[PDB]
Amino acid sequence: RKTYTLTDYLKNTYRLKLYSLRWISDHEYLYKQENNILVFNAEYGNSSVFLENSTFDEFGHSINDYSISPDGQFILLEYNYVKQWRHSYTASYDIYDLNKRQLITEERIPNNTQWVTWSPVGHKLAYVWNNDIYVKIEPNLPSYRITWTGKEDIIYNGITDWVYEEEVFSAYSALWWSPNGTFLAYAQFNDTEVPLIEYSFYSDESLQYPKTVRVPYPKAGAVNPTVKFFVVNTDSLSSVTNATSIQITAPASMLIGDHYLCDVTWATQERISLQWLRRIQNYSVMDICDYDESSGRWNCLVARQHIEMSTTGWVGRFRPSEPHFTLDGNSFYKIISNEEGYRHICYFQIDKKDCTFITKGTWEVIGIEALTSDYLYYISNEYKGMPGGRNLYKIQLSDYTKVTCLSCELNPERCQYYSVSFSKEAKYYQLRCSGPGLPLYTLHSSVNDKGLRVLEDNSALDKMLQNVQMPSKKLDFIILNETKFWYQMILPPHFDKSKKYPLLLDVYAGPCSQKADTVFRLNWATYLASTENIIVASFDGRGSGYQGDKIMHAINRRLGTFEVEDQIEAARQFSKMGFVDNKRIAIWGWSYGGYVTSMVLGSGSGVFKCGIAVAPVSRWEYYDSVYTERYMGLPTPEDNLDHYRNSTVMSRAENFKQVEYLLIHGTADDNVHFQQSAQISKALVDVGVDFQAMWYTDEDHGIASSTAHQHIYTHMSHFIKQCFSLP
Amino acid sequence: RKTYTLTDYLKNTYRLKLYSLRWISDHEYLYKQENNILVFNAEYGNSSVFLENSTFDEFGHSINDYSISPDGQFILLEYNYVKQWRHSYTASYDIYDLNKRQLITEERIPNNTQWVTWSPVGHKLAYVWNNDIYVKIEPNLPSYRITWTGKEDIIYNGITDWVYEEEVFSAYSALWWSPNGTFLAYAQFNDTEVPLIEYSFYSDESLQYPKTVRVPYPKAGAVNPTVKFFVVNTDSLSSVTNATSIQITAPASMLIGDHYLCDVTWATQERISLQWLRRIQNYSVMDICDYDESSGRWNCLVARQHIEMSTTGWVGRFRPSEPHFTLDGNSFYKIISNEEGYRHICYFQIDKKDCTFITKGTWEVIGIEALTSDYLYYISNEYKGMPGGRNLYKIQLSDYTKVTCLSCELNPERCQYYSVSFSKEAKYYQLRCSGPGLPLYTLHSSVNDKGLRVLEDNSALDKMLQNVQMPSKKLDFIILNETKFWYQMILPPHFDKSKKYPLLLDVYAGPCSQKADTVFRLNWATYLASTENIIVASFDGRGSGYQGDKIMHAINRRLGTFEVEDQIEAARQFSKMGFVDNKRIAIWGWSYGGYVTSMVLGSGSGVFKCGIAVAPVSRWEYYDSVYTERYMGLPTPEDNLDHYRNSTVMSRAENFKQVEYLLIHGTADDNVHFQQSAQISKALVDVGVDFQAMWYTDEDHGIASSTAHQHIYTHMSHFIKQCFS
Ligand SMILES: N[C@@H](CCNC(=O)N1CCn2c(ccc2C(F)(F)F)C1)Cc1cc(F)c(F)cc1F
Ligand SMILES: N[C@@H](CCNC(=O)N1CCn2c(ccc2C(F)(F)F)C1)Cc1cc(F)c(F)cc1F
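Residues numbered from 1 in each chain as written, not as in the entry; some residues may be left out. Chains lettered and ligands numbered in written order. Heavy atoms only, no water.

You'll find chain B entered in the PDB entry as Dipeptidyl peptidase 4, with Homo sapiens given as the organism. In the PDB, the title recorded for this entry is "Crystal Structure of DPP-IV with Compound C3".

Going by what the PDB entry lists, chain A is known as Dipeptidyl peptidase 4 and is assigned to Homo sapiens.

## Here's the deal with the packing of helix 6 (residues 562-575) of chain A against helix 7 (residues 592-601) of chain A
Residues and elements named next belong to chain A. Our working rule: Lines fitted to C-alpha atoms define the axes here, with helix axes fitted over just the stretch in contact, and angles between the N-to-C directions of these axes take values from 0 to 180 degrees. Secondary structure elements follow DSSP: runs of H or I no shorter than four residues count as helices, runs of E no shorter than two count as strands, and numbering proceeds from the N terminus. Should an angle lie under 35 degrees it is considered roughly parallel, over 145 roughly antiparallel, and from 65 to 115 roughly perpendicular; all remaining angles are considered oblique. Here is the rule for handedness: rotate from the far helix to the near one, and if that takes an anticlockwise turn smaller than a right angle the crossing is left-handed, while a clockwise turn gives right-handed. Residue contacts are counted whenever heavy atoms from the two residues lie within 4.5 Å of one another.
Packing of helix 6 against helix 7 brings their axes to within 9 Å, and their N-to-C directions diverge by 70 degrees. Taken together, the axis directions place helix 6 and helix 7 in an arrangement best described as roughly perpendicular. Like other packed secondary-structure pairs, helix 6 and helix 7 cross with a definite hand, here right-handed. For the pair helix 6 and helix 7, the contacting residues are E563, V564, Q567 and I568 in the first and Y592, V596, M599 and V600 in the second.

## Concerning the packing of helix 6 (residues 562-575) of chain B against helix 7 (residues 592-601) of chain B
Residues and elements named next belong to chain B. Quick note on the threshold: All amino acids are sorted into three groups, where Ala, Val, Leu, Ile, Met, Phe, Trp, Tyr, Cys and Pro are nonpolar, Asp, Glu, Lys and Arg are charged, and the leftover types, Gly among them, are polar.
Here helix 6 crosses helix 7 at 70 degrees, and the two axes come no closer than 9 Å. The angle between helix 6 and helix 7 falls in the class roughly perpendicular. Of the two possible hands of crossing, helix 6 and helix 7 adopt the one that is right-handed. Where helix 6 approaches helix 7, its residues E563, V564, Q567 and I568 are matched on the opposing element by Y592, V596, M599 and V600. Class assignment of the residues belonging to the contact of helix 6 with helix 7 gives a composition of six nonpolar, one polar and one charged.

## Side note on the nonpolar core
Cut-off, in case you're wondering: We define the nonpolar core as a collection of buried residues of types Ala, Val, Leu, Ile, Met, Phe, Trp, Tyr and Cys that are connected through side-chain atoms lying within 4.5 Å of one another. Categorising residues by exposure relies on relative accessible area from a 1.4 Å probe, with only protein chains included: less than 20% of the type maximum marks a residue as buried, more than 50% marks it as exposed, and the intermediate range marks it as partly exposed.
Of all hydrophobic cores here, the largest spans 323 residues; its most connected members are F229 and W524 of chain A together with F229 and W524 of chain B. Leaving out residues up to four positions away in the same chain, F229 of chain B has contacts with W176, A185, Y186, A187, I246, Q247, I248, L261, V264, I272 and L274 of chain B.

## Brief notes about the state of the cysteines
Residue and element names in this part refer to chain A. Basically, it comes down to this: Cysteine sulfur atoms that pair up within 2.5 Å are treated as a disulfide.
Scanning the entire structure with this criterion turns up 10 disulfides over all chains. For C415, the disulfide goes to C433, at an S-S distance of 2.0 Å. Because the sign of the S-S torsion sets the handedness, a value of about -105 degrees for the bond joining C415 and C433 places this disulfide among the left-handed ones. Separated by 18 residues along the polypeptide, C415 in the loop between strand 32 (403-405) and strand 33 (418-422) and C433 in strand 34 (residues 428-433) bring together distant segments of the chain. Look at chain A and number its bonded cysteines as they come in the sequence; the links are 1-2, 3-4, 5-6, 7-8, 9-10. Just so you know, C512 is unpaired, no disulfide at all, and the nearest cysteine sulfur is the one on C262, 15 Å from it.

## Here we look at the sheet that holds strand 25 (residues 324-325) of chain B
All names here are of chain B. Which entries qualify depends on this criterion: Here, strands pair whenever DSSP counts at least two bridges between them.
With respect to topology, four strands assemble into an open sheet ordered 25-26-27-28, the strand pairing being antiparallel. If you trace the sheet from one side to the other, it starts and ends with strand 25 and strand 28 (356-357), each paired once. Where strand 25 lies against strand 26 (residues 331-337), two bridges are found, and the strand directions are antiparallel. Bridged to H324 within strand 26 is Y333.

## Things to note about the site of ligand 1
Residues and elements named next belong to chain A. Rules: One heavy atom within 4 Å of a molecule or strand makes the whole residue count as near it. Within 3.5 Å is the distance limit for a polar contact, defined as a pair of N or O atoms, with the added protein rule that one can donate a hydrogen and the other accept it, and that residues adjacent in sequence qualify only through two side-chain atoms. Only the protein chains shown count as covering a residue, and every accessible area follows the Shrake-Rupley method with a 1.4 Å probe. An automatic or database domain assignment supplies the start and end points of every domain.
In the vicinity of ligand 1 there are 17 residues, among which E166, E167, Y546, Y623 and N671 approach most closely. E166 places a polar side-chain atom, nitrogen or oxygen, 2.8 Å from a nitrogen atom of ligand 1. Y623 places a polar side-chain atom, nitrogen or oxygen, 3.3 Å from a nitrogen atom of ligand 1. When the free accessible area of ligand 1 is taken as 620 Å², the share hidden by the protein chains comes to 73%. Tallied by class, the residues present in the shell around ligand 1 amount to nine nonpolar, four polar and four charged. Three or more residues apiece are contributed to the shell around ligand 1 by two domains, here domain 1 (1-12 + 467-727) and domain 2 (16-458).

## A word on the UniProt feature "active site" in chain A
Residue and element names in this part refer to chain A. Keep this limit in mind: UniProt positions are given in the numbering used here, feature names are shortened, and annotations may be inferred rather than shown by experiment. Residues are said to line a cavity or pocket when one of their atoms sits within 4 Å of a point; the points come from a 1 Å grid over protein atoms alone, cavities being sets where a 1.4 Å probe fits but cannot get out and pockets being open sets with protein on both sides within 12 Å along at least five of seven lines.
Mapped onto the present numbering, the UniProt feature "active site" falls on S591, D669 and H701. These annotated residues cover 111 residues of sequence, and their C-alpha atoms lie no more than 11.0 Å from one another, placing them together at a single site. In this structure, the largest cavity is lined, among the annotated residues mentioned, by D669. Positionally, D669 belongs in the loop between strand 44 (660-666) and helix 10 (674-686). Taking the relative accessible area as the measure of exposure, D669 reaches 1% and is therefore buried. When near neighbours in sequence (up to four residues on either side) are disregarded, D669 contacts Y199, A615, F674, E699, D700 and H701. A polar contact is formed between the side chain of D669 and the side chain of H665, at a distance of 3.4 Å.

## As for the pattern of salt bridges
Stated precisely, the cut-off is as follows: The salt bridge definition used is simple: a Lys or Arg side-chain nitrogen within 4 Å of an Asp or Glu carboxyl oxygen.
The tally for this structure, following the rule as stated, stands at 62 salt bridges over all chains. Two residues, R214 of chain B and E198 of chain B, come together in a salt bridge whose shortest N-O distance is 3.2 Å. Here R214 of chain B, found in strand 17 (residues 211-216), pairs with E198 of chain B, found in strand 16 (residues 196-201); they are 16 residues apart in sequence, far enough to count as distant. By relative accessible area, which is 33% here, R214 of chain B ends up partly exposed. The network of salt bridges with shared partners includes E198 and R214 of chain A together with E198 and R214 of chain B.

## So, unusual backbone geometry
Cis geometry marks the peptide bond from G435 of chain A to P436 of chain A; its omega dihedral reads 0 degrees. Position of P436 of chain A among the secondary structure elements: in the loop between strand 34 and strand 35 (440-445). Here the residue pair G435 of chain B and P436 of chain B is connected by a cis peptide bond, since its omega of 0 degrees sits within 30 degrees of zero. By secondary structure assignment, the location of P436 of chain B is in the loop between strand 34 (428-433) and strand 35 (440-445). With phi around 45 degrees, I703 of chain A is a residue other than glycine that occupies positive phi space.

## A closer look at the packing of aromatic side chains
We apply this condition: Ring pairs are drawn from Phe, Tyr and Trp, using the six-membered ring of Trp, whenever the two centres fall within 6.5 Å, and their geometry is named by plane angle: stacked under 30 degrees, edge-to-face over 60, tilted for the rest. For a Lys NZ or an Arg CZ to count as sitting over a ring, it must be within 6 Å of the ring centre and within 35 degrees of the ring normal.
Under the criterion given, the structure shown has 105 aromatic pairs over all chains. With a centroid separation of 5.2 Å and 10 degrees between ring planes, the pair formed by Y127 of chain A and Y134 of chain A is classed as stacked. When its relative accessible area of 3% is taken as the criterion, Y127 of chain A is described as buried. Ring centres of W590 of chain B and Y713 of chain B lie 6.3 Å apart, and the angle between their planes is 35 degrees; on these two criteria the pair is classed as tilted. Here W590 of chain B, found in strand 42 (residues 580-590), pairs with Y713 of chain B, found in helix 11 (residues 706-723); they are 123 residues apart in sequence, far enough to count as distant. Accessibility assignment for this pair places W590 of chain B and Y713 of chain B in one class, buried. Aromatic rings pair up to connect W314, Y508, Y592, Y595, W620, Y623, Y627 and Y631 of chain A into one cluster. Cation over ring: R390 of chain A sits above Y546 of chain A, and NZ or CZ is 4.4 Å from the ring centre. For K219 of chain B, the ring lying beneath its charged end belongs to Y209 of chain A, and the centroid distance is 5.3 Å.

Written out as structure tokens, the structure reads:
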């Protein structure tokens, strides 16, 4: 019978079904079926039509995305989507009235709008255009221009610059609505002295002269952007006077040097939490700012400040976690690393510096999902002591020793990886299963925890996969220096433990990474095991996350050392298991993985025959400040220049004579610039090392465009096949 | 015994010996031996020492180049050479006194100087710095700044901009000395509205942010640079008044539209020849400008203008040829294409429009080398009717039917390719042989044409090569449509005509190209034949030069058509000869050849298995105006846009599924921009064609840096070997 071919992955023959819902009330959500936006009731189960598929056939545009106002009165329509960076994009927007049946022609949202968002209650609109903020109380009324200083590539109002979008906020939006819709908090970013990265873009063959793309990009040690935080009142907006934005300044302990705004979370209607981080990211300060109703100013009390610091590494996983405030807003829950280095929920009092841990163990809390007056819902990797697993737990606020796992025993064989979506005030929740079996989407009630109905069970895919020879997934660990280190193997169908298989080491190994988990995936690895009979192994060594600060902080100020060595060591241990042809061991990676892959191939360990590095880092001085400095500090002789110069791929150029090497990079990569790969290629050419190259015209860090995605995975398979000697 | 390996080519194991000399007088030249600059007398044969090797041991710098003043008084010393483009470079210069023994410390020539040149007589210095011209009568005296308008990337005084350096003058210098040293003729280039080409340069690993390189570069149909010509008097230079440069303007027939200054040749002490060319390069006009001694102005007479035009193509081979004036300066000799399309010497009279051809036939004159009152010396491909041959001929000025070949019979088996260097007033000449045998350098006298002595015979190399199994070279023709088309083959040692060999088609095929000649070469082809037993074949199809305008002008307004088809057709004829394994035919090329290689592999002819394209053109709108427009006209719907859009490599993307393709490009290529290759790779990725890629960080159109040159040829050999199994 059939096997999982390359075309099955590239043309996406066997699709995983998802269930994408948005809660609007405490018992109602929305799902679109056959382009018909329906509203599903959780109480009874009866589904009503909210918007029919033929409503926008005469709209004249292909609707890219939609956003419905929380009061169910208006529907924002995104079209003409032009992707910028990872999360950022410019588009055109039209507002449609749901109360009537008319498209609003008056005072329309301008073309090339950067970001648009509704207020949490009602139908107020805040949008960023030309780096400036505009507010609209009614969808047909004129817009109140809040900011005036917005300038392209220089000043950013309501939106993040490149470095804040990618490395800090993980989004384009730098606007924050108050729970009522009274205040619009926003950040301002000044990129005046931030250096530009410049690269060519070639566009269509029609374009005669290549366009140079300039982006404000702070590399390691370079001049960072400055940030200012403002809050404006959306109600008292004069049609004859420019709106007054009250600036909140950072603490004096932060104003000493360079800093970042790394969190904005509203507590109540007049209480806002802010978190600041020093450029050397081992010190963090939280502010709790109240609104002085008489003066109209914002006051953050020094007796309300909370400090987060570490001497073993950086603060947070990638940044300090978000606080979760109780209804009154006098106390917040937050994930902090405890004295033993494990990340658990600490219960804070607004005025008291010391917090009380409500959870503890040799495991970690992933995220706080929902908070009621009775329960706090969180996800953790506690169940069976497996870091690669995710489960929903509930904790009693009146009794911290009463912990109930709501997902652990639902389908123990099929489901070990959970993420959850809660309704307003956490009345009903959707549990989404993602592995090791096929994805399972179920709806549940919080009141008595009964499984009401199965939303999606992927039985349609299950029927298809019975006809195909699928690979098996093994998740186990090995003991090194009295420590458990988890690995995962994609083993070929009919895996014979007595035979010798070729092994490909799938690599990321970044700070706080997890390549070994229980997730069910249909990727390139699936093809290589099912068709080419190759074991695709992944290993979480030192520096990987969800295992405590002892493991995660091991690679602190030492990027390109332990995490690189552990991947080599893992390969030795796999061949010692006896089913690995140690004459055919390969290694591949993307992004950070490409860097480790490159570092490994140049270590001279002789363990690996060949390797593929796709869009790799080659030198930490080439990558952005926020990321690099978080782990490596500053590249100055006074700080950590020694480890910066010692961790380059270029210095390990000679050892590449031992290996077959394929370097791949997109020419329009804004994230990891072609420069990185260009320095590697040059280094190898200098010492007479032969290698393989492949550039991708006008491709970014994802090489994600349909035709390029297919071409790269085709080209890589060909490289792997010839390295392993496969017809 | 041993074979010619890859390392023999890459490490240059077997070196060809050269003999590089510069004439200073009518009977004296200079050669440097063991770093000792000697002066060799042609009259007696006795060599004298001019400058010893230890003279500049305490100089403190590695001497990059030297230039000696004509009067033998001073020696210019180039150091700190920083290459810019093909011919252009910035350097530092010191002047050393030969009369005394002292380095001049007063009024030194500034650092980062673009170009420096002596006057033809004496020791006057003209140098270009920051795009401005400076004159120095004495090496120790202050400098007279002629131009003041010089601005980087905008205004060019005394130096050519990118497009003029590469495509027009074939040099960086835009300065022209008068025979005495009285006048300094110079050109000014305005690049104000010329568009910029922008690419990244990565430099050392230390450089944190890549530098963007901006170059004024006019692509096909884009805004061209404007040109202004000036002449200044070098004698009447006031130390208190800015020098007056007299502007010479172009004819009214040229000022109607865009034009180029394409030639500057001095006739006498007060007579200068200029040649102008329309943007549509099928019309040319020459001016003869005299100096009005009373007014101080320059006057070019309307009754002295000579017109060159063609309706079958472009004027000249790459540009209109240079005139060769007689001693009095009332008549000049020039190579013109005759009525049958063959390029021969036409004798012009300053006032008379019609010229008289002194040579004719089914062959072409290559270049006029020297002119005396008795003889004109020229090189032509006449001997035995071989276009790939070069021979020195002399013609009697009193009798045009009296032609003598001075080189034809010297060593007929060893020597068929000659270039010549003449002394002042052509009293003695050096003949340099370059093939098919080993290079032979001989000194001769013009008076009675006896071979005085052998300068270099490469017998040292001959001894080495007897121990090595060398490939043989065959130069023959094939007849297509009643026309001879010459090809050349690098055949493996002990070539068995009954066996089947793999064939690599070495391609250029550009307008006025010649890949088939008698030259002896030790290249990559030598390795592939000697070690890998591969026939490396080259074929001169339509559009190739030195065979008449019928052949050369065939690809007019049709680039990427006939010349591409003829390379495919040539491969058929080679396999028809029966010693070619038609299952293993490859094709490779550089520059224009890379474009043809790419076009061929995308023709779907199925003749070729694999191919390598190194720094190729992909679309003619991407390459510069002067070159592209010379052959293709303007890329406008009114002109020739149809042929522009039809000749792209991108449109032939689908057919690449049939072939293995290796695309190579240097990232810092100013000539053929990485854009060209980037558009190919994208096009193939779009239609799902798998290929092979290889970029080269901070490499130009030559990929000539030591480590990169070795790496590319290693990488290409590996690709060829696996394609041929
Ligand atoms: N830009 C970084 C981003 C790191 N990941 C990251 O910010 N997130 C992934 C998961 N995550 C995030 C915040 C909190 C988490 C979680 F807690 F781990 F889940 C966002 C990744 C990256 C690393 C390189 F080394 C590189 F070269 C490029 C590159 F994009
Ligand atoms: N720019 C061209 C230059 C071609 N050669 C050239 O102009 N000369 C060499 C021979 N020559 C010249 C004038 C007269 C002659 C001669 F008569 F052929 F000898 C100048 C080379 C080139 C062509 C391409 F198609 C391309 F893409 C890049 C490139 F550099």
